[PDB]
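Here you get one chain, nothing else, as structure tokens; it is the form deposited in one PDB entry.
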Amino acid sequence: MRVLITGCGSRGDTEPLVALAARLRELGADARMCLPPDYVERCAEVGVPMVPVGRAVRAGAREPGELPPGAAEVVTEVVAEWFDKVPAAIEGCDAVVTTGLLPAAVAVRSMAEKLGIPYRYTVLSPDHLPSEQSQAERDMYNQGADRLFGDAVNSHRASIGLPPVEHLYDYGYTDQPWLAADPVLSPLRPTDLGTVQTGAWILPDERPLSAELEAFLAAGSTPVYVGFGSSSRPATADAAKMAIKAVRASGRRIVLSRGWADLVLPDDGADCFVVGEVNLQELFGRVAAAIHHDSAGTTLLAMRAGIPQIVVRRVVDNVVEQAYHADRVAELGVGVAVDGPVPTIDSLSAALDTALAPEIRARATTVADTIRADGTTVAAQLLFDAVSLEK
């Protein structure tokens, strides 16, 4: 069995795919990948063959003026790019697993269709499952897409043999997209019954922390973590500042992450430490708690890490949009959710004080063991079944 894994999005959209591919070849299967140039180092790092496709997702890795790949402006160029590079890679494959940017998702499904190999699209959060969308929301998306790239797709489609297609939202996401997320954190809801949930796809990180970090994590008190992953909004920097301040008001050390926003410490202070690529799994098991963005991957890792959390709501929790993970952590009682984009120092100091309180420093250590550690395996077996049946 050989599987192709496609994707185009933030790192939270990619790490899960890299985990699946790592797990597949670990089980004997073979896995190739198609991702933006951003993840070449990471892939080579994990030992998973990968083909660089399209533009870079992170601004700091592109020309000052080349818009992001998700930018409508350049969508046609996208559809075109994939249909061009995927071939060499999808050839010899038995199944395709993809996620992220719909344009490319569709382009990929197409090529899997020409080969006759099964295709699967996965979402990382329940609220993205079309079953959680309003029958209205559906058509809107469909139209939008059908409008934005509906042609460039069919062109290349007709260019290899297959006929046209419409409602690309339903096409690229499929009638039953997968939910690669853990049950405790991201539970399903009636609207989504026969929906496959495998648990999150996590790659057991074995990378050791640098000698420096190890030193710091020895030259003092057990620190709090501050990071915002792929977050690159300008507020990100302000948020980090306030967080650093709040944690310092608590009288605790800090371990900050540069992330995609390229943050930096503000003092030569010995109570802080900035890190680039680090083994979060490893680090989370060596900090007091973690302050971070409303994201899938980080929230779960800190949950299986067993440490409390402070999640920054992207905006005010309104009737038309709520911070899923942030709220989820609150509802589970493993952390505090603070409103943003730039939370007050008071809110964070309070949130921090609540979090490191027995009640939470316990619900967290306990919930940590209810987390599924076999998501990648479940997806792999589900893949094995697909290939055997429909092919």
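The term rigid core refers to the most C-alpha atoms you can superpose between the two forms while keeping them within 1.5 Å. Numbers follow the displayed sequence, beginning with 1.
For the pair 142-150 and 101-109, the mean B factor over Cα atoms is greater in 142-150. When the C-alpha B-factors of 59-67 and 341-349 are averaged, 59-67 comes out higher. Remark: of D294, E277, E91, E212, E212 shows the highest value [criterion: C-alpha B-factor in the PDB entry]. As recorded in the entry, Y171 carries the highest CA temperature factor of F284, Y171, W201, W178. Placement of the Cα temperature factor of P49 within the chain: lowest third of the modelled residues, per the deposited record. In this PDB entry, the Cα temperature factor of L389 sits in the top third of its chain's modelled residues, the highest group. The deposited CA B-factor of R258 belongs to the middle third of values across its chain. Annotation for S125: C-alpha temperature factor in the middle third relative to the rest of the modelled chain, per the entry. In the deposited entry, the Cα temperature factor of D182 sits in the bottom third of values across the chain's modelled residues.
The next section is about a form of this same protein that is not shown, the form deposited in another entry.
Only one of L148, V165, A249, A80 has its Cα shifted by 2 Å or more between this form and the one not shown after fitting on the core, and that residue is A249. Annotation: Cα of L101 displaced by less than 2 Å between this form and the one not shown, core superposition. Once both forms are overlaid on the rigid core, the distance between the two CA positions of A89 between this form and the one not shown is under 2 angstroms. Taking the rigid core as fixed, one finds a CA shift for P37 smaller than 2 Å between this form and the one not shown.
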